[PDB]
Structure formats: C-alpha cells, structure tokens
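Written out below as structure tokens is the structure these notes cover.
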Amino acid sequence: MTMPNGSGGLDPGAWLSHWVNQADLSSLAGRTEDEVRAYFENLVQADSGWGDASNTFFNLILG
Amino acid sequence: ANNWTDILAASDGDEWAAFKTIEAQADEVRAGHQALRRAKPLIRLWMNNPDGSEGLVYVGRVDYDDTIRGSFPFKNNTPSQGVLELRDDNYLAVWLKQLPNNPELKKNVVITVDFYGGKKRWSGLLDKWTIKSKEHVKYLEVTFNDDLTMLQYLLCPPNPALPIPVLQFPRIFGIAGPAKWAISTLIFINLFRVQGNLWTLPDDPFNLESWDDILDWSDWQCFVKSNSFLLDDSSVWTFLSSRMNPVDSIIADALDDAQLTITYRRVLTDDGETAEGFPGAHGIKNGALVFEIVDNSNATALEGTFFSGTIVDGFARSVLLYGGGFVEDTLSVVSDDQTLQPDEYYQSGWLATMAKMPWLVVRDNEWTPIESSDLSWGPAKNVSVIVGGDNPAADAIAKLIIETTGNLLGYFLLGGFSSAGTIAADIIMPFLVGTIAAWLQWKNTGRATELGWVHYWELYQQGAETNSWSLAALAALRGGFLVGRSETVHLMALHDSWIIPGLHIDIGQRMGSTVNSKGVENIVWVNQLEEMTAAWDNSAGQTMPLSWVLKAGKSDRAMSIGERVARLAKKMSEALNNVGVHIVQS
Amino acid sequence: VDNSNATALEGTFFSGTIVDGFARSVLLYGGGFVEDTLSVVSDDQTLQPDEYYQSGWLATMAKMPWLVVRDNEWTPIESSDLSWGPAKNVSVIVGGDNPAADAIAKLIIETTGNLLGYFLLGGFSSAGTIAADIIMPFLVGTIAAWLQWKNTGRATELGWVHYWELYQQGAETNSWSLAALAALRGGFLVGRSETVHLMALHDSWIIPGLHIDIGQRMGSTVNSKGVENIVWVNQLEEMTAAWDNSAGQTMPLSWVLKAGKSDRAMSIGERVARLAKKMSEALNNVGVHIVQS
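Chains as they are written, first to last, in this note's numbering: chain A, 35 to 97; chain B, -14 to 571; chain C, -19 to 273.
So, in structure tokens, the structure goes:
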C-alpha cells in the first residue's frame, strides 16, 4: 500500500482526488454542510449537458 | 584508552601479566552481559485512579519466584496476549479477585513487565482472569492484551475533525504522504478526535511550532511521536483510506509494504522516565502510552541493507530497484559496499542493532547455543493480480443521475425521441455501470521470471478499503502483490545463547540465521525479526527458566491452520463491515 | 418467558454474600435509555411467591431467586472455571447509510424535479438563480449516516485507561434508522463485563431442571481467598446431562452447569463457529440488500 514514487502515485482524475489530504489538515474542519454544498452547487452549475439543454430550450425552442 | 605500552608499563614489562589484565577485563564484560541476560523480570500491576483523574496508580509487584508460570510475546504489528499464573494466596491475585466486586476501584488494570532494567517492556491492559482448579488446588490465570490492541478500538471516520452523527464528508477519508508521517498522522488525528477535538488542528500536527504552548495534553492517555511532513525521511509514500475502519486494519498493508514497525512504550514517570518529540510530551502522566513508527528493517533506504549472506563472508548489501510503474521491486547487490559504520557502534555499552548495519547472525551447527525448531521456505504463487470492481470516476451515482438526465433532456429538446436523426451525447451511461475502466491487472514480470514456465496465473485481491484503488492505483496493486510472495520463516529457541533479545536485537530488525542442514550450511537466511516470546514455568513437575523463542520472517504457508483461520476471519469481518457501510440504500 | 426478571419493576438479585444472602437491585435507565445502571433496594419488601407456600414445589420463581451453590472445603460440587473480565469499549458507532436522506427514490425523483425547476428558471443559462437541493446525489452516505454513543457508565467503571470505540453492524443492516435506540443497545451488547462459572453437580442435593431452570438466576461461590463471601449471581445458561456405561470408564448420569456467559472465556473453536455464523448471516443480508446495476 506504499507508493515508491512521491505524490505522483496518486491519480488526479479520481472521483475523490480533491479530498485526499497531504499536509493541509486544517481543511478537515472546513468540510461542513455549507462549503461542500457550495462546491457541489458550483459543479452542478458547471455541468455541460444541462447547460446545452438550457441553450437549446431557451434559444432554439423558445426563440 | 589504555594502550598496549601503557598496560605493559603498568604490569612492569610482563607480557603475561598484561595479557591476564586484558583477559580479566574481557571476562568482567562477559560476566556483565551474562548477568544482564539472566536478570529476573520486574512484574508490576498498576490501576486507574479511583477518583477518576489521570495517571496510573501503583497497585503492587509480583515476584518472579512467586509466579507459577508466565508467557509474554512481542510481535511485529500484531496484538499479543500475555499470560500470568499466580497462586490464589498471592496478594496481587487476591486484589485482582476482589477487583470486580470492589466499588471503590476502577475495573481496568495495567501490567508492566520489565526486562533488563526496563529497557524491554511488555505493558498491557487486563483481558480477564480465571480461577482454575488443578487437583483441588486453585490458581488465578490472568490474561492481558498488549498495548497494540488500542489500535483495534481506534477507528478513523470519514471526517475525524467534525461531529460524526451530523455530516461525515467525503464518503471516505484519504491521507497521502511519507509512510511514517501518514500512519502517525492518521493515528494522531483519531486520538485528537477521541480526546474531544477540543482545539483546532494545524496543517501538520507534528510541526511542533504550530501547537500553542499553553495547551494541556496531560489528560491524553495515548500519544503519537513523529517527524513533520517535510522532515520525514521515509523514502516511499503511502495512501491510507478509511470509512470507519479500525486504524490497525487501515495501516497493516502500508506497514507490511514499507517494512515499518509500530513501537509502543508506556512512560512510567514514577520511575523517572520522560518523553519528548510529540505535542505535550512534557506534561504526560504516569503510564501514558506513546506510539512511534520506525524503520527497523531499512529495506527501502537509499543505501539499502543486508538481504542475504554466507557464513564465510558475512552479509551482502543490496538496494531496491523499482521497475516500470514502481509496482515491482528487485534487489541489486552493491559490489563495492562502502557504507560507514554507525556512530553508536563506537560507543561503550552499546548493544542494539542499527537498521543501516545489521550484524547479528545466529549459527546452528553441532555445537550451537540455540535450538532451531523449523526453517520453511516457499516460492511465490501468482504472477498477476487483479484489483477493481467499480470505478466511481466513470459511473458514480451522482454522475449517473445528473449528467445522464441532462444529456437525455438535451436529446429530447433537440428531438431525438421524435426521430432518430439526432446524435446523442452519452445517454447510455447507466447501462455501463462497472464496465468502463473498472479493473487494474498487473503481471509481475520479476515473479514470472523467478517462477518459470509452470506457474499459477492470477489472483483477485480486494483491498482493506473497497473503493480506494481508483484513488491510489499503485498502492492497490502493491497491496495486492503483498499476498502471494516468496516466504521464509525460521523458529529459534535461545536457551543459553549470548544473544539478548530486545537488547541485541529488536522486533522488526533484520538478522541472519543458519541451519545445520546439508546444502545450506553456508547460506544465511536474513529475515527481520517478527516474534519473540519470553516464557517461564515455576511448577514443581516441569520447571522452565525464563527462556526466549524467536521467529524471524513470516509465512502464510507455514502458519498454523488455527492462526490462518483466525486471520482470515478477522479480514473477512473487516471487509464485511466495509461493504455493509458502502451499501447504497434503496 | 422472562426467567431473569431483570427488567421487572421490583427488580431481582444481581449480587449477594454468603453471610447476608442476596441483594435486590432494580434497573435505572439514564438519558436516552441506552444505558442502564443498578440501584439497590435498601428496604426490600418484596413478598414471597405463592408457589413457595405450596407442598411439593421446587422451582425457582423469577422474582425470588433462592439457589446459592456454595464451594468450600466440604463442597458437594466441583467448581471448574470462574472467570471475570471487564468491559472493553466505552463508545459504539452504528450506521452506514441513512435511507431517510439519500434513498434511491429520493435521489432520482426529487433531484430530477429540482434540476428541472432550476433549468426552467434558467439556472444553467446563468448562475444567478438560487437552487434547491440539486446536489443530493453528491452527498450519498454523508448526511446523518451514523449514530455514536459513549457509555458514561462504562467509562466510569473503566477509568482513565480504556479502549475507546467500536463499530457495530446490526443483524439487519438497514434498521438502525428505524430504531436508533434498539440499534445502540444491540451494539452495546458486545463489549460488556462478563462473568462465567462452570460447576459439576456430582451428588449435590441440587436438582437441575427442578430446582433451577435454564435462564433463571442463581448464585455461586468459589473457595478462593478474597472472594469467599462474594456470591456471583448469574442466570443459568447451560446444563448438560451426561453418562457413560462403558466397562473401561463409567460415569453415572451427572449434570454440569454453566452460569453466565462470556465471549472472552469461550473456547477458540466455539468463538470461530459463532463468528462464522454471524458473518454468514451478515453476508446474506448484504447480498440481499445489494442494488442491481
């Protein structure tokens, strides 16, 4: 379970790669409801398929 | 530094007198070593403070001659049970028997057994006692669990810095870093949480300048000492993940892969002992436990260590060389070995084995001070390992809901369901759950080369954390390859050998051993020490003085069937808990 | 049947001495009813059962335990093993996923409706709109997913040095949310103080099944220094009737009692068998709770 290389053994594209702690343990207390909610609301707003559907609905279908 | 000329002058030019002086000095050193080896242990019982404060309170002392029998094993990263049999007329036996029904006493008792004046210590909590009758003669058999069992009852939640029944985000907790620092940091974070999460966690717990000096840690019963993230000299990193998993189960794979050792010491400040190197190390109370991750094998170090040797030229230094992807590690011998000796080897009174320079080789021949019970070797089994299941980065339920419903709505608004002309954009993701990049297969080229044409092919390995391989692909593959490897284990019993366990050699420290068998007389099997049990029996029928039995190296193959079943059951129970907690509700 | 009578209003005998007999105690439940302590009835005025005034009666009534099996130099029994172990873990964690927050039906229907409302308002056209729980699938297994209880009575019993916590999985893996208190008490059933006593009634006047039945409380003593006066009161858990008529070795029909139960003093084989049973049942439950892909 050891990585002979350094931080390069981690996978940056993993699902929970943003939440793997290396030395920033002060951020653990910042994982409350509000901050996680804001992060995931930002992701959902940035979601691409829903945005394309919004463009199609409001620009094409609705003129 | 008495030179030969000085000794001769003191002896008035008589070479025989001077050499007799030198021989007397050598004899007194040998006698000191023998007295240290044959010294009686110091068994002491301590209790919690009846008023409920901190600091263990001295109950009493059991005499070695007043024992009936005893057995105390020290194991590498494994909890062990200590057994002490007393006569029921013994005062500590009477105290222990009255303890359950005494309302003025706390129910937890700590045993401390000191060898070599406290240099080696076996400390542990009471597990139980039993009143046993041998031919109408009653005696108290008292069983203790060594102080590594605390790591079974310490567990890591997904967010150790927040209240548990409120919000534990993310689903699993993952910490990556140097191996020793990360293991120690996981243990410390859980210790902080269970002591109350009273203060704010700094970025690096072991950066001692981050902690305030006004803070009081005296109420802590357990501490962890480690270097900081930047100052840690662990060559390899590690990724530890947990969803309410026990700490020992979390760290077992990393400890095995990095060949690290957990050392526990119960600081008896009543004996004058002190501690340093961790937050609040100056105000710790009597009998507080301290953990430390150490590299006693030094296998991953830059200079390497000794992996083999022969009785005619000593040990041979090798260094680990990592292949493509760092999954595979082989040994390359240092042809011109020029590693300097440790400075400790030049200090008077030193006896320990430094990790960088192993020295202890235990030879078996016609005239041997030890007895070799059994030496077993077995080749590696499976060339390839498969680890996986589902890959959340591709088919997480949040993705399967949000992204797929958005794509379907876009297709619908474009008119795909009215007529098939429209080109869709991933509207079939829920149909392919567990199929896209859901596995990792690695074939061990070195293992295949060592094994040959006829070999076992592959093995599926499930990690301690079921959904962490995507976070650490390399760590998952190495943990999977930890299973079916070449295994050598040797059992020794040191009857009257000059070797002093704990002093000359410690748990996790490499040592060589030989067996007087034709064809392997010259060969030295070099294994890191894994077990050593000190046992004695004072019974009139069979009387065995305090003797040490060592087990160097480990092997799942030569492990007894009962022990194999117990280990498998423990792993199965932990995996079942992990799967049950990873279940998605309907 | 209730043979221990521990949860009754009048209580029962949980301890005693050979010089004062049994001592009556009643259960007192702390905050949340997870923890129960024992409070002694100083002025015990419980009436004797009517069955004790009837000729030919021998049984033990649950409300009035009577049978104390005494071991001394002239004991009629053979005591074999009296083992006591203290409690282990102060706190228990039981949980996993909380279906009341992230059930799959919720995650599909409610999140789809919220996302559709946000879309129709124009949230994805421009970030100005304020959303209403469109991120529920992202927080699966994190909201109110656990129940942690620290046993204050156990901590008081144990003291400064103790094992901290233990995760416990219930027999039904998706029921703690239905009964939090029951799940916590079932979790605390595991690491408790345990006393077990083994006796062999060779020719004692005690009649197993008649004087004492399985599950009924009886007291026992062991002739060991420091604990002669103490009477360990446990509910009878096992009694075996065994005989051997072989010419070589011959034993008449004899009874062996085991009062109280302990996971610690259980044999390793029996521990492995019980653990295998629990693991097989839990594996069946998890497999049946699997959600299909």
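Beta carbons: idealized from backbone N, C-alpha and C, even for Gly.
Does the Cβ-Cβ distance between residue i and residue j come in under 9 Å?
i	j	result
residue 67/C	residue 137/C	yes
residue 139/C	residue 91/B	yes
residue -5/C	residue 177/C	no
residue 136/B	residue 145/C	no
residue 375/B	residue 452/B	yes
residue 41/B	residue 141/C	yes
residue 58/B	residue 548/B	no
residue 429/B	residue 312/B	yes
residue 574/B	residue 318/B	Nothing can be reported for residue 574/B: it is not among the residues displayed for chain B, which extend from -14 to 571.
residue 456/B	residue 48/A	yes
residue 188/B	residue 59/A	yes
residue 152/B	residue 114/C	no
residue 216/B	residue 168/B	no
residue 541/B	residue 472/B	yes
By the DSSP assignment, the alpha helix (DSSP H) with residue i in it spans what residues?
i	result
residue 66/B	Unbroken run through residue 66/B is the beta strand (DSSP E), 66 to 72; no alpha helix (DSSP H).
residue 563/B	546 to 567
residue 18/B	0 to 23
residue 319/B	Run containing residue 319/B: none; DSSP gives neither H nor E here.
residue 76/B	76 to 83
residue 104/C	Taken as a continuous stretch (DSSP letters only), residue 104/C belongs to no alpha helix (DSSP H), as it is neither H nor E.
residue 71/A	67 to 80
residue 179/B	164 to 180
residue 342/B	Segment: none, residue 342/B is in no alpha helix (DSSP H) and carries neither H nor E.
Please report whether the beta-carbon of residue i lies at a distance below 9 Å from any beta-carbon of chain A.
i	result
residue 221/B	yes
residue 189/B	yes
residue 175/B	no
residue 242/B	yes
residue 115/C	yes
residue 185/B	yes
residue 118/C	yes
residue 13/C	no
Under 8 Å by Cβ, that's how I've got residue i and residue j pegged, so tell me the actual separation to the nearest angstrom.
i	j	result
residue 50/A	residue 155/B	5 Å
residue 108/B	residue 95/B	6 Å
residue 265/C	residue 152/C	7 Å
residue 219/B	residue 287/B	Between residue 287/B and residue 219/B the Cβ distance is about 12 Å, and since that is not below 8 Å, they are no contact.
residue 21/B	residue 485/B	6 Å
residue 167/C	residue 49/C	Contact doesn't hold; Cβ gap of about 33 Å is too wide.
residue 158/B	residue 148/B	Not really, about 15 Å apart at Cβ, beyond 8 Å.
Against chain C, with Cβ distances strictly below 9 Å, would residue i count as a contact?
i	result
residue 544/B	no
residue 171/B	no
residue 391/B	yes
residue 50/A	no
residue 70/A	yes
residue 54/A	no
residue 608/B	Past the boundaries of the shown model lies residue 608/B; chain B is included only from -14 to 571, so the question cannot be answered.
Please confirm if residue i has its CB atom under 9 Å from at least one CB of chain B.
i	result
residue 41/C	no
residue 127/C	yes
residue 80/A	no
residue 75/A	no
residue 21/C	no
residue 143/C	yes
residue 259/C	yes
residue 57/C	no
State the start and end residues of the unbroken beta strand (DSSP E) segment that holds residue i.
i	result
residue 273/B	273 to 279
residue 179/C	174 to 181
residue 54/B	52 to 60
residue 248/B	246 to 252
residue 106/B	105 to 119
residue 513/B	508 to 522
residue 187/C	Premise fails: residue 187/C is in no beta strand (DSSP E) and is neither H nor E.
residue 223/B	222 to 227
Against residue i, what residues of chain E qualify as contacts under a CB-to-CB distance less than 7 Å, listed in chain order?
i	result
residue 158/B	In the displayed structure, chain E is absent; the protein chains listed are A, B and C.
TODO: Counting only runs of 3+ residues fully inside the stretch 417 to 463 of chain B, write out the beta strand (DSSP E) ranges in chain order.
DONE: 424 to 428 and 441 to 445
Task: Any alpha helix (DSSP H) of 4 or more consecutive residues that is wholly inside the stretch 351 to 391 of chain B - done: 377 to 380
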